[PDB]
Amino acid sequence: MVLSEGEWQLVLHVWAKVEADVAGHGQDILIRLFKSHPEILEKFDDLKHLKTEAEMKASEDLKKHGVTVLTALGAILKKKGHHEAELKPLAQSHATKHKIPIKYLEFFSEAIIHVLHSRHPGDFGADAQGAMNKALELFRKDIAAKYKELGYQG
């Protein structure tokens, strides 16, 4: 799938709102992810002890993870699909070091969409939601192919 310039503009318009508070969005996205998929929480050794939302919001380590993830994702989105340079190191942190299935990236994308709608409904209507889902689908498609290229089926 291919995004138009106008679609990329909707994605990056929304992403500008994330960049106004990267750490807080990162917290809310990981918390939503861990609440929907506690089996994913178990894969973070430094976070899997966190048993409540209040604990997760207090965790400096969780906040650091959120910033790391959104910083990398933001760099990827700003490439508007021309992101092969960014996907290679990311696949390796994910496809050799650990084994992060594509389905987990799908769950992560669902949490992003949820948090964007929860924090910015007035700037995140149907067109913007579709465009963000399209950009995240392209991310997942291309990281899946990068996985395979490195010898991991995802």
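When you see a residue number, it is the position in the sequence shown, counting from 1.
- Comparing the deposited coordinates for 96-104 and 110-118, the stretch with the larger average C-alpha B-factor is 96-104.
- Between 83-91 and 23-31, the higher mean Cα B-factor belongs to 83-91.
- Highest C-alpha temperature factor among 61, 127, 42, 55 per the entry: 42.
- Ranked by C-alpha B-factor against the other modelled residues of its chain, residue 16 falls in the highest third.
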